[PDB]
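**Student:** quick one: initial chain(s) of a complex, as found there:
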Amino acid sequence: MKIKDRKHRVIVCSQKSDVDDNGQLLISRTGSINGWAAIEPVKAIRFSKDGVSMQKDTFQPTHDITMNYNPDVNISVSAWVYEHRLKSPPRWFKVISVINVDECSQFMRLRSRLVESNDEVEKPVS
């Protein structure tokens, strides 16, 4: 992959969650990694009135995200991804699985599913 591709700027976060008193499930998320990334679509989506994706089976990836491989990182299930852009609303991604471009061990590619895109999206806890 060439340098110029990585147009997009993203924030990688981890998830910690607990239970409200009412029984509702609360999610809070913190940024952990910074860098540029390259993003490609894989599947069409359809938005609700406020841009929350509708999908069955809930873990068929839609966007492929690639960035520099980091041996000191150990991605796991609880990952997320964040992207705030020039004009378009901020967007959340959920990480389904990981893959090295090759065992040359130079670039880390994530399979992801889009979730939300609207002005009210919570921004990652810094």
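**Tutor:** Noted; the coordinates are in hand. Numbers count the residues shown, from 1 in each chain, chains lettered A, B, ... in the order given.

**Student:** so the spatially closest residue to residue A:33 that is not a sequence neighbour, which of the three states?
**Tutor:** The shortest distance from residue A:33 to any non-neighbouring residue, by C-beta to C-beta, 6 or more residues apart in numbering, is to residue A:12 (3.9 Å). The C-beta positions use only the backbone N, C-alpha and C, and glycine is treated the same way. What DSSP: H, G, I helix; E, B strand; the rest coil gives for residue A:12 is strand.

**Student:** Check the one 3 residues further on too.
**Tutor:** Classification of residue A:15 using three-state DSSP returns strand.

**Student:** how about it, what does it touch?
**Tutor:** By C-beta atoms under 8 Å, 6 or more residues apart in numbering, the residues touching residue A:15 are A:27-29, A:78-80.

**Student:** Kindly indicate which of the residues you listed lies nearest residue A:99.
**Tutor:** Residue A:99 lies nearest to residue A:79 out of the contacts of residue A:15, by C-beta to C-beta, at 13.4 Å.

**Student:** what's the burial count for the residue lying closest to that closest one once chain neighbours are set aside?
**Tutor:** In space, and not counting its chain neighbours, residue A:79 is closest to residue A:95: 3.9 Å by C-beta to C-beta, 6+ apart. Residues lying near residue A:95 (other C-beta atoms under 10 Å) number 20.

**Student:** Distance-wise, check residue A:95 relative to residue A:2.
**Tutor:** Taking C-beta to C-beta, to the nearest Å as the criterion, residue A:95 is separated from residue A:2 by 24 Å.

**Student:** What of residue A:40?
**Tutor:** Per C-beta to C-beta, residue A:40 is found 14 Å from residue A:2.

**Student:** These two: which is more packed in?
**Tutor:** Set side by side, residue A:40 and residue A:2 give different neighbour counts by other C-beta under 10 Å, the larger being at residue A:40 (11 against 6).

**Student:** Any idea what that one is bridged to?
**Tutor:** For residue A:40, the beta-bridge partners are residue A:64 (DSSP bridges).

**Student:** I'd like to know how many residues surround residue A:11.
**Tutor:** Neighbour tally, residue A:11, other C-beta under 10 Å: 21.

**Student:** should've said residue A:117
**Tutor:** 19.

**Student:** pretty sure it contacts residue A:90?
**Tutor:** Yes - contact criterion C-beta atoms under 8 Å: residue A:117 and residue A:90 qualify, at 7.1 Å.

**Student:** residues in contact with stretch A:118-126?
**Tutor:** By C-beta under 8 Å, 6+ apart, stretch A:118-126 touches A:11, A:13, A:28-31, A:50-52, A:82, A:84, A:89-92.

**Student:** Kindly apply the preceding question to stretch A:20-31 instead.
**Tutor:** Taking C-beta under 8 Å, 6+ apart as the rule, stretch A:20-31 contacts A:11-19, A:80, A:82, A:122, A:124-126.

**Student:** could you also fit chain B onto it:
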Amino acid sequence: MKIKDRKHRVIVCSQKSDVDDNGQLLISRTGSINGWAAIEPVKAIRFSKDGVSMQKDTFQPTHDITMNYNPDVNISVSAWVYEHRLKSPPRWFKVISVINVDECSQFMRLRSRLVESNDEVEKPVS
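**Tutor:** That brings us to chain B, laid onto the chains above:
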């Protein structure tokens, strides 16, 4: 996507619906976007006596529509598309899902299902 391709002129509408006294459902569609667009077929069609499509599993698209991407727009489930041509009868498309040509964010491509084509078709509310 070269300039010359966008032969077709289309009007994008939003749907507003309610209930008659007899319980039957009513539809109203309001033009919100106008511009040139390019159209490609994807699947065959089977017309009734008055040209209304005949399909089950309506979630599958038939025609691909491409036009300029717009960051200030939020396409959603309730979309439609309208097209009036020089000689051919007016036609209604229903929008299934959306996709960027790439994350380059230049062109927005819709996947649509053809519904009607005949002289009696209502024209979009101005």
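
**Student:** back to the neighbour count of residue A:117, now that we've got chain B?
**Tutor:** 20 (other C-beta atoms under 10 Å in any protein chain shown).

**Student:** Report the contact partners of it.
**Tutor:** A:47, A:51, A:88-92 (C-beta atoms under 8 Å, 6 or more residues apart in numbering or on different chains).

**Student:** go again using 10 Å as the cut-off
**Tutor:** Residue A:117 makes contact with A:45, A:47, A:50-53, A:83, A:85, A:88-92, B:74, according to C-beta atoms under 10 Å, 6 or more residues apart in numbering or on different chains.

**Student:** tell me which of these is nearest to residue A:99?
**Tutor:** Taking those together and measuring to residue A:99 by C-beta to C-beta, the closest member is residue A:83, at 20.0 Å.

**Student:** Buried only: go through the contacts of residue A:117 for me.
**Tutor:** The neighbour count (16 or more other C-beta atoms under 10 Å in any protein chain shown) marks A:45, A:47, A:51, A:53, A:83, A:88-92, B:74 as buried among these.

**Student:** Just the closest of those to residue B:66, please.
**Tutor:** residue A:45 (16.5 Å).

**Student:** what sits against that closest one?
**Tutor:** A:51, A:53-55, A:62-63, A:113-115, A:117, B:97-99.

**Student:** who in chain A is up against chain B?
**Tutor:** Neighbours of chain B within chain A, by C-beta under 10 Å from any C-beta of the partner chain: A:7-8, A:37-51, A:54, A:62-65, A:83, A:85-89, A:117-119.

**Student:** let's see 6 Å
**Tutor:** Within chain A, the positions near chain B by C-beta under 6 Å from any C-beta of the partner chain are A:39, A:41, A:44-47, A:49, A:51, A:87-88.

**Student:** Turn those into JSON lines, columns for secondary structure.
**Tutor:** Output for those, formatted as JSON lines (three-state DSSP):
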{"residue": "A:39", "secondary structure": "strand"}
{"residue": "A:41", "secondary structure": "strand"}
{"residue": "A:44", "secondary structure": "coil"}
{"residue": "A:45", "secondary structure": "strand"}
{"residue": "A:46", "secondary structure": "coil"}
{"residue": "A:47", "secondary structure": "strand"}
{"residue": "A:49", "secondary structure": "coil"}
{"residue": "A:51", "secondary structure": "coil"}
{"residue": "A:87", "secondary structure": "coil"}
{"residue": "A:88", "secondary structure": "coil"}
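
**Student:** Which two among the residues you listed are spaced furthest apart?
**Tutor:** Spatial extent of the residues of chain A next to chain B (C-beta to C-beta) is set by the pair A:39 and A:49 at 24.7 Å.

**Student:** quick one: which of the two has more around it?
**Tutor:** The residue with more neighbours, out of residue A:39 and residue A:49, is residue A:39; 24 against 10, by other C-beta under 10 Å.

**Student:** The more buried one against residue A:6, yeah?
**Tutor:** No - Residue A:39 is beyond contact range of residue A:6, at 9.1 Å (criterion: C-beta atoms under 6 Å).

**Student:** then chain C, please:
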Amino acid sequence: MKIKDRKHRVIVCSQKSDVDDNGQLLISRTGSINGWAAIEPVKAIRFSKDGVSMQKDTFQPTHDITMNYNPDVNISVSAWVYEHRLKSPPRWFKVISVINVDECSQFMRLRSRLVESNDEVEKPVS
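**Tutor:** Alright, chain C goes in next:
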């Protein structure tokens, strides 16, 4: 499509049907369009003793027929196609569905199923 392709001469007909006194169904077919057309097979055929096709899944097409797109025509379910050739016995096609070669709107392509080929075939009503 090139000009030379359209070797075959065909007659497109509409169907009119009713009920005999005995309760059986009678069919009548009316000639409505004349012109040359190009034909391509898609699937093998199995002929009975008198050449009447034999297929389950009647919706599966066998032959693609291509001819000039006509904006003033509205092909629909009740279509047929008739063809009389130099030496070969006549043949009836049943139209399954329609498709523009592209939205350029120049040529109309039909998906068809073969029915009969023998000397006793009824010729289209003039």
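
**Student:** again for the contacts of residue A:117, chain C present now?
**Tutor:** Contact analysis of residue A:117 by C-beta atoms under 6 Å, 6 or more residues apart in numbering or on different chains lists A:51, A:89, A:91.

**Student:** ok, the residues you listed vs chain B, which is closest?
**Tutor:** The closest of those to chain B turns out to be residue A:51 (C-beta to the nearest C-beta; 5.9 Å).

**Student:** Check the spacing between that closest one and residue B:81 real quick.
**Tutor:** Taken as C-beta to C-beta, the span from residue A:51 to residue B:81 is 20 Å.

**Student:** ok so, going back, distance to chain C for the contacts of residue A:117 - can I get that in TSV?
**Tutor:** Listed next are the contacts of residue A:117 as TSV, based on distance: C-beta to the nearest C-beta, whole Å:
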residue	distance to chain C
A:51	30
A:89	32
A:91	32
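
**Student:** By proximity to chain C, which residue of chain A wins?
**Tutor:** Taking C-beta to the nearest C-beta, chain A has residue A:44 as its residue nearest chain C, at 20.0 Å.

**Student:** Any idea how many residues pack against that residue?
**Tutor:** 15.

**Student:** Hmm, residue B:97 and it touching each other?
**Tutor:** Yes - at 3.9 Å, residue A:44 counts as touching residue B:97 under the criterion of C-beta under 6 Å.

**Student:** any residues in contact with both of those two?
**Tutor:** In contact with both residue A:44 and residue B:97: residue B:111, using C-beta under 6 Å, 6+ apart.

**Student:** Could you list every helix and strand that the helix or strand where residue A:66 lies packs against?
**Tutor:** According to DSSP states H and E, residue A:66 maps onto strand A:63-68. On a contact count with 3 or more C-beta pairs under 6 Å, 6 or more residues apart in numbering or on different chains; DSSP states H and E, strand A:63-68 meets strand A:25-41, strand A:107-117.

**Student:** for the ones you listed, which one ends up most surrounded?
**Tutor:** Mean neighbours per residue, mean count of other C-beta atoms under 10 Å in any protein chain shown, is largest over the helices and strands packed on strand A:63-68 for strand A:107-117, with a mean of 20.

**Student:** between that strand and strand A:25-41, how many degrees?
**Tutor:** Relative orientation of strand A:107-117 and strand A:25-41, computed by axes from the mean of the first three to the mean of the last three C-alpha atoms, to 10 degrees: 120 degrees.

**Student:** Output strand A:107-117 in CSV with nothing but the alpha carbons.
**Tutor:** Only the C-alpha atoms of strand A:107-117 are listed here, as CSV (Å, rounded to 0.1, in the frame of the first residue of the first chain):
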residue,chain,number,x,y,z
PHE,A,107,0.1,-3.3,8.1
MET,A,108,-3.0,-4.1,10.2
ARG,A,109,-6.4,-4.4,8.5
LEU,A,110,-9.6,-4.4,10.4
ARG,A,111,-13.0,-5.7,9.3
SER,A,112,-15.6,-3.3,10.5
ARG,A,113,-19.4,-2.7,10.6
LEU,A,114,-20.7,0.9,10.5
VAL,A,115,-23.2,1.8,13.2
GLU,A,116,-24.0,5.6,13.4
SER,A,117,-23.5,8.8,11.6
